[PDB]
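Enquirer: What follows is a structure written as structure tokens; I'll ask about it next.
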Amino acid sequence: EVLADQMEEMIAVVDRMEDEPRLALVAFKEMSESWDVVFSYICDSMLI
Amino acid sequence: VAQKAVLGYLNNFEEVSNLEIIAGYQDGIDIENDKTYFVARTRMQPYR
């Protein structure tokens, strides 16, 4: 990304089982205490 | 040591199983007998 702003307040990551694939997910954030701004990606374990 | 070696081979074999086709070209007009060629690349970076 080339973001219009410096989203930089760290990362959140977990494995998901809301379903059987056991998906990989990563997220990042910026502290609008309301309307908090987030950037993220999700991947199939085969890196898809 | 042999275990290490085979694990390396297996590791590369992972990428083999993750190879993605990109394009192909026919050797000639007779699909039913002419050979054909294909090109593919790694999902993992660096792209190979």
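With ideal geometry, Cβ positions are generated from the backbone for all residues, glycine too; neighbour counts draw on all protein chains shown. Please treat every number below as a calculation from the coordinates, not as lab data.
Enquirer: With the dipole of the protein assembly as shown worked out from charges on the C-beta (+1 for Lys and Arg, -1 for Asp and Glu) around the Cα centre, which of B:46, A:47, A:6 lies farthest toward the positive end?
Expert: In the protein assembly as shown, that residue is B:46.
Enquirer: How much length is gained on full extension from residue B:42 to residue B:27, taking 0.36 nm per residue of separation minus their Cα-Cα distance?
Expert: Full-extension gain reported as 2.9 nm.
Enquirer: Further, regarding this structure: What does the structure give for B:12-20 when I average, per residue, the other chain Cβ atoms found within 10 Å of the residue Cβ? Spell out each step's value before the answer.
Expert: Numbers: counts 0, 0, 1, 0, 0, 1, 3, 0, 1.
Partner-chain Cβ atoms within 10 Å, mean over residues of B:12-20: 1.
Enquirer: Another question, if that's okay. Could you give the radius of gyration (one decimal) and Dmax (whole number) of the Cα atoms in the protein assembly as shown, in Å?
Expert: 21.3, 66
Enquirer: Where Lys and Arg each count +1 and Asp and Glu each count -1, what net charge lies around residue A:8 among other residues with Cβ under 15 Å from its Cβ? Spell out each step's value before the answer.
Expert: On the way: positive: A:29; negative: A:1, A:5, A:9, A:30, A:36.
It works out to a net charge of -4.
Enquirer: How compact is chain B by the rule of thumb for globular proteins, expressed as Cα Rg over 2.2 N^0.38 Å?
Expert: Normalised Cα radius of gyration, chain B: 1.68.
Enquirer: Now for a different question. ³J(HN,Hα) across the range B:28-41 via Karplus (A = 6.51, B = -1.76, C = 1.60, θ = phi - 60°), whole Hz, x for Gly/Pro?
Expert: x, 5, 8, 3, 6, 9, 5, 5, 8, 10, 9, 10, 8, 9
Enquirer: Chain A to chain B: how many Å between their Cα centroids?
Expert: Taking the Cα centre of each part, chain A and chain B sit 31 Å apart.
Enquirer: Amide H neighbours of residue A:39 under 5 Å, counting only residues 5+ apart in sequence or on other chains, H built in-plane at 1.01 Å?
Expert: When sequence neighbours closer than 5 places are left aside, the close amide H contacts are A:28, A:29.
Enquirer: Next question, about the same structure. Write down, largest first, the equivalent ellipsoid semi-axes of the range A:7-48 in whole Å, where each equals the square root of 5 times an eigenvalue of the alpha-carbon gyration tensor.
Expert: Each semi-axis is √(5λ); the values are 24, 11, 7 Å.
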